[PDB]
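K.L.:
3D, please:
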Amino acid sequence: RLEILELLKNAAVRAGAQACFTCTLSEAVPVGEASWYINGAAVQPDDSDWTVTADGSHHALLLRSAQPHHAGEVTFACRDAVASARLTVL
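P.N.:
Numbering: from 1, shown residues only. Below is the structure in question.
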């Protein structure tokens, strides 16, 4: 079974700063199989604010410059695994 070894963590960042959400899976799953969401909206590959990466077991969602409207619930979903945490923008 696919497991999440390391779950997302809540993050609080100042406006303009970088935020990142990461998780680690039990096996290497290509980035194409993962879906990230902010407040229920799927993150798109041409979103100028958010970057999605994967390296082996390690998946990440990066926000280079946080703004207040980015705040809310981050979801990661891959196969049957789901995780969530919260972005707070100070």
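K.L.:
what residues are up against the residue most central in space within the chain?
P.N.:
Centrality entry for the chain: nearest residue to the mean C-alpha point is residue 61, 3.5 Å, by C-alpha atoms, centre = their mean. By C-beta atoms under 8 Å, 6 or more residues apart in numbering, the contact list for residue 61 reads 20, 21, 22, 36, 43, 50, 51, 52, 74, 76. All C-beta atoms are positioned from the backbone trio N, CA, C, and that covers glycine.
K.L.:
I'd like the residues you listed as TSV, with neighbour count appended.
P.N.:
Conversion of the contacts of residue 61 to TSV gives the following (neighbours: other C-beta atoms under 10 Å):
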residue	neighbour count
20	16
21	25
22	15
36	21
43	18
50	18
51	14
52	18
74	25
76	24
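K.L.:
mind putting those residues in TSV, distance to residue 90 and secondary structure included?
P.N.:
Output for the contacts of residue 61, formatted as TSV (distance: C-beta to C-beta, whole Å; DSSP: H, G, I helix; E, B strand; the rest coil):
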residue	distance to residue 90	secondary structure
20	16	strand
21	16	strand
22	20	strand
36	22	strand
43	22	coil
50	19	strand
51	21	strand
52	24	strand
74	16	strand
76	23	strand
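K.L.:
how about the residues you listed in a markdown table, adding distance to residue 5?
P.N.:
Shown next, in a markdown table, are these (distance: C-beta to C-beta, whole Å):
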| residue | distance to residue 5 |
| --- | --- |
| 20 | 17 |
| 21 | 15 |
| 22 | 11 |
| 36 | 18 |
| 43 | 22 |
| 50 | 23 |
| 51 | 22 |
| 52 | 19 |
| 74 | 18 |
| 76 | 13 |
